[PDB]
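Enquirer: Based on what follows, work out the 3D shape:
(2 chains, ligands or ions: 4)
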Amino acid sequence: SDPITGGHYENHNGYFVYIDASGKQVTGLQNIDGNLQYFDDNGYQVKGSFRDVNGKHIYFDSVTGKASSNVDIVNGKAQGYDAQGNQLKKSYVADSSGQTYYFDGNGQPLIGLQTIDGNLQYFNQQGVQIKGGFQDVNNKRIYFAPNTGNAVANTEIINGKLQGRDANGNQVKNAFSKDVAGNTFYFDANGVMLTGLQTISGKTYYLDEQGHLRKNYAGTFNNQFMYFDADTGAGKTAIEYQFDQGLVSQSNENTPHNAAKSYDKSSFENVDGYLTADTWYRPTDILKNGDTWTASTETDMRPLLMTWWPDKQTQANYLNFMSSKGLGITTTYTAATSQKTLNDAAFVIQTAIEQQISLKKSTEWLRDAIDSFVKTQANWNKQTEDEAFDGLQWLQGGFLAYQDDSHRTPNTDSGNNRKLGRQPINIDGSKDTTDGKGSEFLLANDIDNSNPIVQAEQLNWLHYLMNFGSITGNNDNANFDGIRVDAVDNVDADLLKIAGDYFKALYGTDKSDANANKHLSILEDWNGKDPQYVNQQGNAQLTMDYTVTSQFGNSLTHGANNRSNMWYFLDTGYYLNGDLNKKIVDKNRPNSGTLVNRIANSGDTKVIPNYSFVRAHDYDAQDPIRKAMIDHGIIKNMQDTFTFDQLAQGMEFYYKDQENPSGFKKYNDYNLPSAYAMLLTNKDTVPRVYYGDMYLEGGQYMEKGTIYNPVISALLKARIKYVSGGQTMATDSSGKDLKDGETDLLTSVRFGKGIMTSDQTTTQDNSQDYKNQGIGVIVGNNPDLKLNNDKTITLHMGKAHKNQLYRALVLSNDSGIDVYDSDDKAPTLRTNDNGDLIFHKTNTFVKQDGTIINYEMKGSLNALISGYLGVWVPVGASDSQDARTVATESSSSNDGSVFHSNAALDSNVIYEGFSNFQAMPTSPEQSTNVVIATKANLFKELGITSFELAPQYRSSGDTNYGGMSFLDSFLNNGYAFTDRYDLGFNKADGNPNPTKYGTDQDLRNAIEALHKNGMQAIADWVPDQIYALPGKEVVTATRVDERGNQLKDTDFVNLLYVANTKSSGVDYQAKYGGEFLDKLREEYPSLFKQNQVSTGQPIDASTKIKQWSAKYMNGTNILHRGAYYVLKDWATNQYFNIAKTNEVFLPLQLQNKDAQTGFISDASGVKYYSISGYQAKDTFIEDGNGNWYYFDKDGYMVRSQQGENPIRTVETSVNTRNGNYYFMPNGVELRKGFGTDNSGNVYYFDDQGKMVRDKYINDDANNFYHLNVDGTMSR
Amino acid sequence: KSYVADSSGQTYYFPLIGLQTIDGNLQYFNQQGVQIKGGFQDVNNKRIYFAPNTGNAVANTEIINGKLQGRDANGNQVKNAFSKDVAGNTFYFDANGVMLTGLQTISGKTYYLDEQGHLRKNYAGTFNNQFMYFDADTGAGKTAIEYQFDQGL
Ligand SMILES: OC[C@H]1O[C@H](OC[C@H]2O[C@H](OC[C@H]3O[C@H](O)[C@H](O)[C@@H](O)[C@@H]3O)[C@H](O)[C@@H](O)[C@@H]2O)[C@H](O)[C@@H](O)[C@@H]1O
Ligand SMILES: OC[C@H]1O[C@H](OC[C@H]2O[C@H](O)[C@H](O)[C@@H](O)[C@@H]2O)[C@H](O)[C@@H](O)[C@@H]1O
Ligand SMILES: OC[C@H]1O[C@H](O)[C@H](O)[C@@H](O)[C@@H]1O
Ligand SMILES: [Ca+2]
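Expert: Numbering: from 1, shown residues only, chains lettered A, B, ... in the order given. Ligands and ions are numbered 1, 2, ... in the order given. Please see the structure below:
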């Protein structure tokens, strides 16, 4: 049956009905939105029953009513059926009750013992499959498994003694047999389970008290050490050495030819002196064509992996890989293979390589082969990087923090800076040990904003933005007026003070409200305690108010059916006991509630100035738009890379869902009109409006308005005319739960300029402006709302509006929301003597001229609303009526603060005028900033006083040096950039090079156009990170989570890593970097003398940043290169280097010296030499068979002696490995198993050999053990 | 393009890593490629349970704090609906996510949940001080007043 959509589900008399988009009730079989369902003749849906349609017998599920497989007893007998209603043949089916039948070729269920798909199974007399139990068949007892139902060995307790049963149902005698859990036992000739130490078939096994065979178990059993095999549990004495590689010399006739020509940067490809897996070098000679050795020329570079390897495992893998590509006899080599054999095989590959170099006359084929091979190895890819996705790691897969390490990586030293997570609440580090430490790491290369030199540079950039027009076009009218601070909680909070004080110094923002409000500035500050901090610091930038944005989510914007009541908007707890009659403010509360109370806001109590919104470029947009693409198979993951075409296709589904006449929204937000009605009438806030609520978020800029555009436009124009004075807010509701009459309908009122209260009848200054001002808003979140016939709903418009005529601006109904542009076209209604507009279930309104209108207070459901919305305004409003307040030039306040929440500030409106998902301009004429210039007018008339423009910085684009790309970058939205000062300049060749939003001229014209129309322009200040830096450096790095704390179980600690941290040095950062600071220090000395809190220091302009590098960074997202891409000798743990001829370290082969490698015994003990020819000291070493050893400071393998404790405490150069290990007599480290000490105490040792303490531990067979704090096992 | 099982019984699918859906069944494989079976694993933002033998995604319940919670096949927590656990018990979870108990009327029909919160099917009882038989199919209360025989004399 063909699918349908857009018809809602209705419940009648306990049953589900489905009513079409046509609006007709549905009968019969129907595919609705990919689900196959049935309705009988009355139109009710069937669940948990079988129906017959066509030739099909189809069951429908008991919960969902969806077509799925079942078994029906048909006449006398069972018959299986599929999802489409076909009788099944030769298949298993599970019925409703979770029971399983197998129906044969004739579709009849099998009974008794059966062998299916090579599995033995049993069926009872009714055809049901036995699972999880014993069963006597053919005079034998067989156990059948819990879920498969397959025959398996098991044990049961007969009398008081355990007995064993095999897979064929025979009892076990003289053999090992398992149980379902996974424990092995041994049973003797008399059938009885054995215990303790037992020798069978010339081998010795250890069975514990429970009779469990113990594998990978070390202990003194015969008063002589004995290790029990991991494979079979058979006791070995652990006396024979298991390493297979004796000390051998590697040098031969090819050594001097393959040795390096030189020990320096000429002959070695490198980064900061160090070497990498894919380094190529210059050998002394070249085996050209595989025939004749000839001296090398400078260009004759060859891969290091042709000649050297870090270990035998890697060498064997290299040989196998290159073999497979036509270069030799294809080989299975292991680390266990002898060193001599591997080296010989490397040379035959070398020969073959030189032959294909002659044949192809190229080496690029080899570059690609080496690159490919290198990524295969775990040490050289992300597998050793501990990719994780929890927290902000979700974005890019994990972070590395750079470290101050002057001995190995001194260019990368931070000069003891790099304070992490100094967010506002942790500006002084006093919460460094808690979750109150800031998540310093977010995206890409995280800039160290705790460094005074970097702080100065951020100020330079800030100055450049605030004077962009003066500097780049000598146009003093093309300058940004204010800023948005991106990612406040992910940077050092000093930047807020730096920005604050700069604006104070240059614009006197702390002098007057007129100065302050000429340079509107906002914060992206998500932490719930940021508002109070920002206010203690004098409100230099406006905090967001998440408390109101949050409540829109809960009560209107999010969720089709279950929403928090409108009651929650009041925050009655603000008052003591919620006494709305008494109104005593609660001086002490448990850190809760909305930022600004609006129940009865007369402007008498000081409140924190703020901006607020319903949506943003980065709130309720990016996730929905992606969920939609995922839902339609366009991408698989949220982090997935997508193309612009992929985005366009997804956008079409998004738009379709947004504008759905059904009224249901899967990705999009509900009740946006109603949300904006509240946002735009609220006192004590600067509202912000999202481009994407006015125009479609994709495609071209301003290409097509949204369905919400008319309503929001009307609200915006009405805000200019009517919105002023005090506020009240109430609900027909007292809490979570609604009494009988209660509607939970919210009533919000504003009184008019100068009227602060319900009962205030006139202004104190006797101005008359108030009479035609004020506004009434009624909103509900219940689309199925029906009033009682008794019920009346009232708007207390106030005693300053007695007997006045009011007319509707906006009214909801069942097909949309009507908008009335002027008094004549709308229904009127008059207030009573007390100033109340009364509403009933049924209303008859009259138009001012003549005509009568009917209107029901009715919840509605359509694309524009799920609930109720009514807005009313006073008739008689002038055409040029303006209820806003101009800002005063006087020093109102001695509080030191910049912004003040008052009628003047409230007169502003910010427009966030871009969407992250805009398409790229198809032509220069449709570039965002060109369009903004032609359309500036339109925003003046909507009352926008400040225009928040997208970040104008040049996108880093598709560039990706390693690790996961982020959407900001590949969607070119401007948040991901390489050059902070390139805002759309031309290529140096003269050609245009626009951003996604147009050229730099387009931007200056756009900014000027906004000033010509009396609007400010906001610059997006993005100090937290920078993307895609083209130059490599070697850093010392630790793997960390978002707060810069080391991951708990990571070996990636203080390792050398190649990062991309260095800027081109020839970009606009190099031209403009630090240039404006000198002029500024001269003119405003105190900015440069004032100490910052987090550092104790003032900003430092003595050093200019023309080129970025790692010393100014805190870290990076993981780049997928590997923990040991920077090459290191395992024996000494020293990294190879060739930077300075005084302190060269290379493998001895490359210096034409003799490299001996292997294990060698002497009278004192065993020693080891690495492939590069160095002795192992104070390091762990792994042999070719996978066994691990520890070599002490003296260079000797640690091994247990007779009668002594095998447990040894290790403290190594490599700190991560510190801990207690268990070394056997032949030096092998015990791993993932229990070990007995000399005194009979048992301990456990983990995957990596370390002792485990103070925890419970589980076993594959479901055995549980407990380890005390001292390490011992109580069990 | 096949599953293989080790000596132990660990299972790979050739190997796929992470969240994948081989033959329409949702499975999770660890970073080393082993198939997750009989446990809750966290992928993305949604917790999912994978079945003991098959390893297929299924609804399950776990105890968070001291309260039972329900998880569906897609890894989303269940609110205002019936959801199963691996054993085969059905529960009902309210708008606040919490399991319901006792006699409950939802969507104009009445169901009986025992103390443990198990939905009882094919269960006869005087529940409202009046007889009520709870359906073998969905557990919905009928009065058992209509004759079910279909053949008149
Ligand atoms: O933030 C403004 C809001 O603050 C209080 O209400 C908070 C919250 O209260 C309801 O839900 C309770 C809520 O508590 C925690 O946040 C849990 O973690 C949530 O799961 C749980 O739902 C209400 O339903 C929410 O919408 C509301 O935000 C004030 O009491 C409110 O008046 C005020 O608007
Ligand atoms: O091929 C797998 C499996 O198919 C059937 O089992 C399916 C199903 O049966 C129950 O519902 C169990 O509780 C689940 O764990 C199972 O996946 C056959 O019965 C079985 O023999 C076969 O192995
Ligand atoms: O059917 C073959 C089966 O092999 C395995 O046991 C896999 O775990 C399972 O997913 C698969 O279906
Ligand atoms: Ca940061």
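Enquirer: Roughly how far does the residue located most distally from the centre of chain A sit from residue A:175?
Expert: Most distant from the centre of chain A: residue A:190, at 61.8 Å, with distances by Cα atoms, centre = their mean. According to Cβ to Cβ, to the nearest Å, residue A:190 and residue A:175 sit 13 Å apart. Every residue, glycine included, has its C-beta placed from N, CA and C.
Enquirer: I would like the residues contacting stretch A:1092-1103, please.
Expert: A:419, A:422, A:427-429, A:450, A:452-453, A:455-456, A:459, A:492-494, A:497-498, A:1074, A:1077-1078, A:1080-1081, A:1087-1091 (Cβ atoms under 8 Å, 6 or more residues apart in numbering or on different chains).
Enquirer: May I have the secondary structure class of residue A:1104?
Expert: coil (DSSP: H, G, I helix; E, B strand; the rest coil).
Enquirer: Over to residue A:141?
Expert: Per three-state DSSP, residue A:141 ends up strand.
Enquirer: just checking, it touches residue A:166?
Expert: No - judged on Cβ atoms under 8 Å, residue A:141 makes no contact with residue A:166 at a distance of 9.9 Å.
Enquirer: For the stretch 1051-1200 of chain A, which residue gets nearest to ligand 2?
Expert: At 34.5 Å from ligand 2, residue A:1186 is the closest residue in the stretch 1051-1200 of chain A, using Cβ to the nearest ligand atom.
Enquirer: a strand runs through residue A:1149, doesn't it?
Expert: No - assessed with three-state DSSP, residue A:1149 is helix; it does not lie in a strand.
Enquirer: Now it. Nearest residue, chain neighbours left out?
Expert: residue A:1155 (5.0 Å; Cβ to Cβ, 6 or more residues apart in numbering or on different chains).
Enquirer: What is the burial count for the one you found?
Expert: 21 (other Cβ atoms under 10 Å in any protein chain shown).
Enquirer: Contact partners for it?
Expert: A:249, A:250, A:251, A:1147, A:1148, A:1149, A:1169, A:1171, A:1172, A:1173 are the contacts of residue A:1155 under Cβ under 8 Å, 6+ apart.
Enquirer: Now, the residues you listed that are in strands?
Expert: A:249, A:1169 (DSSP state E).
Enquirer: sorry, back to before: for the residue of the stretch 1051-1200 of chain A closest to ligand 2, which three-state class applies?
Expert: Quick answer, by three-state DSSP: residue A:1186 is coil.
Enquirer: just checking, what's the longest strand in chain A?
Expert: strand A:1031-1040.
Enquirer: Relative to the helix or strand that it is followed by, what are the paired strands and their orientations?
Expert: Next helix or strand after strand A:1031-1040 toward the C-terminus (DSSP states H and E): strand A:1055-1062. Here strand A:1055-1062 is paired, per DSSP bridges, with strand A:1031-1040 (antiparallel).
Enquirer: Just the residues contacting the strand it pairs with, thanks.
Expert: Under Cβ under 8 Å, 6+ apart, the answer for strand A:1031-1040 is A:271-274, A:385-386, A:398-403, A:405, A:408-409, A:411-412, A:441, A:1046-1047, A:1050, A:1052-1064, A:1109-1110, A:1115, A:1118, A:1126.
Enquirer: for whatever residue of chain B ends up closest to ligand 3, phi and psi?
Expert: Closest residue of chain B to ligand 3, Cβ to the nearest ligand atom: residue B:3 (3.7 Å). Residue B:3 has phi and psi values of phi -80, psi 140 when expressed as degrees, to the nearest 10.
Enquirer: Residue A:542 too?
Expert: phi -80, psi 130.
Enquirer: isn't it right up against residue A:685?
Expert: No - the pair residue A:542 and residue A:685 does not pass the contact test of Cβ under 8 Å, sitting 9.3 Å apart.
Enquirer: got the contact list for the residue farthest from the centre of chain A?
Expert: Contacts of residue A:190 by Cβ under 8 Å, 6+ apart are residue A:173.
Enquirer: Now residue A:883: closest residue in space that isn't a chain neighbour?
Expert: Of all residues not flanking residue A:883 in the chain, residue A:724 sits nearest, at 4.1 Å (Cβ to Cβ, 6+ apart).
Enquirer: what about the one you found, how many neighbours?
Expert: Based on other Cβ under 10 Å, the number of other residues close to residue A:724 is 26.
Enquirer: how far away is it from ligand 1?
Expert: Noted for residue A:724: a distance of 24 Å to ligand 1, by Cβ to the nearest ligand atom, to the nearest Å.
Enquirer: Likewise for residue A:411?
Expert: For residue A:411 relative to ligand 1 (Cβ to the nearest ligand atom), the value is 47 Å.
Enquirer: Pretty sure that residue sits against residue A:1112.
Expert: No - if you go by Cβ under 8 Å, residue A:411 and residue A:1112 don't touch, sitting 11.3 Å apart.
Enquirer: So for the two, which residue has more residues nearby?
Expert: Neighbour tally, residue A:411 and residue A:1112, criterion other Cβ under 10 Å: the higher count belongs to residue A:1112, 24 against 14.
Enquirer: Do stretch A:511-528 and ligand 1 come into contact?
Expert: No - judged by Cβ under 6 Å from any ligand atom, stretch A:511-528 makes no contact with ligand 1; its nearest approach is 8.6 Å.
Enquirer: Give me the buried positions along that stretch.
Expert: Neighbour counts over stretch A:511-528 (16 or more other Cβ atoms under 10 Å in any protein chain shown) mark A:512-525, A:527 as buried.
Enquirer: swap in stretch A:969-985?
Expert: A:969-985.
Enquirer: Restricted to strands, list those.
Expert: Using DSSP E, those in strands are A:977, A:978, A:979.
Enquirer: what is the first one paired to in the beta sheet?
Expert: Applying DSSP bridges to residue A:977 gives these bridge partners: residue A:955.
Enquirer: Correct me if wrong: it contacts residue A:952.
Expert: No - if you go by Cβ under 8 Å, residue A:977 and residue A:952 don't touch, sitting 9.3 Å apart.
Enquirer: residues in contact with the residue of the stretch 1051-1200 of chain A closest to ligand 2?
Expert: Residue A:1186 makes contacts with residue A:335, as judged by Cβ under 8 Å, 6+ apart.
Enquirer: Show the contacting residues for residue 79.
Expert: No chain in the question, so chain A it is. With Cβ under 8 Å, 6+ apart, residue A:79 has these contacts: A:71, A:72, A:87, A:103, A:107, A:108.
Enquirer: I was after chain B.
Expert: A:562, B:93, B:94, B:95, B:96, B:97 are the contacts of residue B:79 under Cβ under 8 Å, 6+ apart.
Enquirer: Residue A:473 and residue A:1001 touch, don't they?
Expert: Yes - if you go by Cβ under 8 Å, residue A:473 and residue A:1001 touch, sitting 7.4 Å apart.
Enquirer: buried residues in stretch A:1013-1021?
Expert: A:1013, A:1015, A:1016, A:1017, A:1018, A:1019, A:1020, A:1021.
Enquirer: which residue is nearest the centroid of the chain?
Expert: Going with chain A. Centre-nearest of chain A using Cα atoms, centre = their mean is residue A:394, 2.5 Å out.
Enquirer: which residues touch the nearest residue to that residue once chain neighbours are set aside?
Expert: Spatial nearest neighbour of residue A:394, chain neighbours left out: residue A:639 (7.5 Å); criterion: Cβ to Cβ, 6+ apart. Contacts for residue A:639 (Cβ under 8 Å, 6+ apart) come out as A:394, A:395, A:396, A:964.
Enquirer: Past the helix or strand harbouring residue A:932, which element shows up next along the chain?
Expert: Assigned by DSSP H and E, residue A:932 falls within helix A:928-940. Using DSSP H and E, the helix or strand that follows helix A:928-940 in sequence is strand A:946-948.
Enquirer: So which elements touch that following strand?
Expert: strand A:910-912, strand A:1016-1021 (3 or more Cβ pairs under 8 Å, 6 or more residues apart in numbering or on different chains; DSSP states H and E).
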